[PDB]
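All ligand and atom numbering here is 1-based and tracks the order in the structure. No hydrogens, no waters, no symmetry mates; every other heavy atom, side chains included, goes into these values. All residue numbers in this chain count up from 1 along the given sequence.
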Amino acid sequence: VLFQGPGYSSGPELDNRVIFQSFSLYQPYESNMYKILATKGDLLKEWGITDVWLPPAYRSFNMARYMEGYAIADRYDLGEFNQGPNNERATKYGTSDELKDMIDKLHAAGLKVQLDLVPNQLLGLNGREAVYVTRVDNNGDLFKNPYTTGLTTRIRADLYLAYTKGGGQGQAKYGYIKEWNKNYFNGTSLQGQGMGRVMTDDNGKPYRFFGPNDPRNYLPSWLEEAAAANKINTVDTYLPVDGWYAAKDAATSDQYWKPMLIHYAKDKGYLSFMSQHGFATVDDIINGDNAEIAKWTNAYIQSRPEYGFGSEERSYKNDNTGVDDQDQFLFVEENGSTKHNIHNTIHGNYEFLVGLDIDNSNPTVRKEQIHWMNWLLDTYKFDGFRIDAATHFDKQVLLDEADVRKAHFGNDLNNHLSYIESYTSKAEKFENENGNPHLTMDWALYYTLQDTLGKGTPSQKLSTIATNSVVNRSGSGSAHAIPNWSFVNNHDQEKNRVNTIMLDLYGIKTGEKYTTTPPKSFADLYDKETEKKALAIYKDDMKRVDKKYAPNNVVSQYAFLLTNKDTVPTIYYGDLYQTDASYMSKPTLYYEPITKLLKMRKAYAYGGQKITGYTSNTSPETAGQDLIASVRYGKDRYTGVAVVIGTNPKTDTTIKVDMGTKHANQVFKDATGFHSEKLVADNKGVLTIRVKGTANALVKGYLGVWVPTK
Ligand SMILES: [Ca+2]
C-alpha cells in the first residue's frame, strides 16, 4: 500500500505561484548576473514572485552563438573548473561560488529556484570517432531535400568522422558516465566534416590502419613506410583527409611529418592549390615549415564540399529559430540498422534538435541522467527544474526527474516546482496520464495572445483568449484545469523575432525553394555586427506605435496572464528589462505597467473567473470580436479585478461589467493608470464603463484594469 504521488492540482494554492524567468540570450558575457540577482530577493517578493527560473549554468561550447549554457561541453562544470575562454572559472553568468551564494540569498528572501535542466544534447566535444550515418530530418525519417532538389537522400549507412567523444573535467570527476562517446548518442546535427572525410580507394573502400603488423590493414603503395613505422594520424583505424604522416625517413625521424593529402589520389586539386601558394613541387612541401604548410593545406580543406557542409545536404530552411533541426545524421550500424530508440519522446518522433543528441533510451545514459540530477540538487540546492526540450527525448527521463524530486523533497510538490518546456498538446496528454508530475507549458495561450493582441490590426476574435489555452476559461472556468505554467514572452520567442530581423538584413526568406538559384545559409552568414544591428532595430520597434517585429499590447497580454485563474504565470526578464544591456540596468516602456500589474495580482487576483464578450461600434454583429472583460470576482468584497480589453482604436461603446453583488456601491480605480475616472458600482455591483479606443505604444484598442477600494 503505497502513498507516493499526489501530483500537481490546479487551485488557489498553486495559482499563488509566479515564476520569474531571470535571463535572456542577449545578456552580455559579463560574469556578473549572479552577484547582481543575489540582491533582488525583496524586489522579487514585492511583485509576488515565488520561483526563479535560472539559466542553464553548465559550461558552454566556446563557439556557442550566445554562450548561454545550452550548448553543453561539460554538464558538471557550473563555474567551478578552469574551462572557460582563457581558462576562466566563471560561465557567462559567474562562478559556482557566486551561484551558491545567490541561491543562498534568494532562499533567504523566501524564494525558490529552478535550474534549467538540459537532458537532450551536448555540443562541442574535442575528440573524434568514426560512425555510420543516415541523413535524416528532425523526426529521424530519411531526408528529402525539400527546399533544394526534392530528392530522397542516398546518405544511408555512410562512413563519417564526427566529434562524439569528451565531456570535460566535471563529467570526468563527478559523473556516472566518465566520458561521452558515439555509443551514447542517437546522432548529431550536421557537423560540416563532409562525406569524403574518410580516405578511400577508387571504388569506395576506406583505408584502414589498426597497427604496424596488422593483416587487417588496407593501405595504398605510398603509406607502407609510415605503416611499418606506425606514424599515421588516424581516427578509430580510419584515415582522415586532414591527417599527417611520416613522408620521408619514416622510423626514427619526426621532422618529416607531412599532410597525407600529398599523394591522396582521389583529391585532384590539392597539389595545384599548393602550387599557387609557394610550394610548386611534390617535394617543395616535404621541406617547407609546417606553419605555412598547415595554414594553406587547411584553407584548401575548407574550400571543398566533400570536406564540409557542402556534401551533407543541409536543409537550408533558415528557420528563424536559428536552428535547422532537419539537419541531422542518425547514428546507424553498417547494415543501416540502429541501436538507438528515437520514438519514446512525448512527440512520438522529433528526437532531434541540435548538437550530439543523447540516447535517453540507453539504460547507462538513463542512470547517468539520474546521477546528474541528483548531483545538481545535492551540490547547488536547486528546488526543482525547468526542463529544456522536454518533448524531444525519451520521456522516461521526465518520470525519473520526478522521482529524483520525490527522493529529495517528498510530497511537497508546490514548493518544489518542475515545469517542462512544451509547444505541443501531447505534453498535456503525457502529464495527465502520469498524474501531472510537472507543470505543462501553456504554448496555446501564448500563440493565441500573439494573434489577438500581439498583432497590429488583429485577424482573430479577441474572445478566443478564453478558449485557446491549455485551460478553457469560457463561461464558468475549468472544473479540473491542467496544472500549467503560462507566458506572454520568453528567451526563445524574442530570439526568433531578432533572427527575423537578421534574416531580413541578410535578404533570406525562411522556407524558400532553391531550385535554380544557389541556396542561402543563415548559419554561414551569422555575424555579431548584423546581430548588433538587429538588436538596435528590435528595441526601437518595441518603443514605436505601428510595431513591425516586436509584439503589440504587451501590457494587455500580461494583464490577462496575471489575472487568469488556474495557472502559474511567468514574467519574462526581457519584457521588464532591455534584453542586451547589463543585467537589470535598463527598464523597458513595459516595466512600470507590468510591475504594477504584479502588485495588483498579489492584492486582488482571487475568486471565480468570468469572461464576457461584447459588441462595439466596430463589431455590432459578433459579440467578443474586439471587446471583452476578464473578471476575477474576488474572495471578499475587497478583492477581485475587472480586466477590460479591446483591439480597435476607433471603438466607442459603453458596456456593463458585472462584479457581483458583494461589490455594490463600491469605488473602482484603474490599476494601470491608463484611465483616471473613478467608477462606482451600482446596487448589484455592476460597472458602467465608457470604452474610448486609443492607439499609442502601450495600447491598441483599450485596456482597463478596474480594482475596488479596500
Ligand atoms: Ca533527443
Side-chain angles (χ1 to χ4, degrees), residues 56 58 61 64 68-73 75 116-125 131-143 160 162-167 171 177 180-191 315 317 319 321-332 338-373 385-402 418-424 426-427 430-431 438 440-441 443 492:
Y58 328 97
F61 176 45
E68 69 302 316
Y70 291 114
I72 305 172
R75 339 156 88 211
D116 200 329
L117 186 68
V118 179
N120 185 66
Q121 78 269 342
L122 297 138
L123 207 151
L125 310 187
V131 290
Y132 296 95
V133 294
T134 294
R135 179 75 184 73
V136 301
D137 63 23
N138 55 303
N139 298 312
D141 298 313
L142 264 195
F143 180 70
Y160 191 89
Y163 291 90
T164 53
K165 170 149 73 170
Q171 195 73 51
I177 290 162
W180 291 86
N181 66 83
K182 52 169 186 209
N183 294 319
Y184 298 138
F185 299 115
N186 301 323
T188 178
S189 46
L190 308 182
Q191 298 191 354
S315 65
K317 177 182 188 196
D319 193 293
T321 61
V323 176
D324 288 356
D325 59 24
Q326 295 157 48
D327 289 8
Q328 305 302 344
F329 286 132
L330 174 78
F331 286 165
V332 305
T338 189
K339 299 135 66 173
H340 304 301
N341 191 326
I342 62 165
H343 294 98
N344 292 346
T345 66
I346 290 170
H347 271 288
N349 58 5
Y350 222 147
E351 179 65 58
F352 299 100
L353 290 171
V354 75
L356 293 168
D357 197 66
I358 298 193
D359 189 348
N360 284 281
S361 78
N362 177 303
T364 315
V365 165
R366 187 204 167 186
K367 299 151 90 302
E368 160 66 17
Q369 303 280 38
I370 293 160
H371 193 264
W372 186 41
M373 287 183 278
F385 284 127
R386 179 274 188 170
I387 311 191
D388 186 69
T391 59
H392 305 279
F393 52 84
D394 196 324
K395 58 179 136 145
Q396 188 56 55
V397 173
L398 303 178
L399 295 182
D400 295 352
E401 175 289 341
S418 269
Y419 35 102
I420 53 155
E421 180 190 31
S422 172
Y423 286 95
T424 174
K426 295 176 186 174
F430 167 79
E431 284 294 333
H438 320 90
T440 205
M441 200 163 94
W443 61 270
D492 285 304

Worksheet item: Of all N, O or S atoms in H392, which has the smallest distance to the Ca ion (ligand 1)?
Response: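 Nearest N/O/S atom of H392: O.
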Practice prompt. Output yes if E351 passes the N/O/S-under-3.0 Å test against the Ca ion (ligand 1); output no otherwise.
Written response: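 Short answer: yes, at least one N, O or S atom is under the cut-off.
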Item to complete: Look at the N, O or S atoms of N186, main chain and side chain alike, and state whether any lies under 3.0 Å from the Ca ion (ligand 1).
Response: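 No, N186 does not qualify, because none of its backbone or side-chain N, O or S atoms lies under 3.0 Å.
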Worksheet item: Salt bridge or not for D400 and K395, using N-O below 4.0 Å?
Response: no
Between [X] and [Y]: side-chain donor-acceptor atoms closer than 3.5 Å:
X	Y	answer
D394	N360	no
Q171	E368	yes
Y70	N120	no

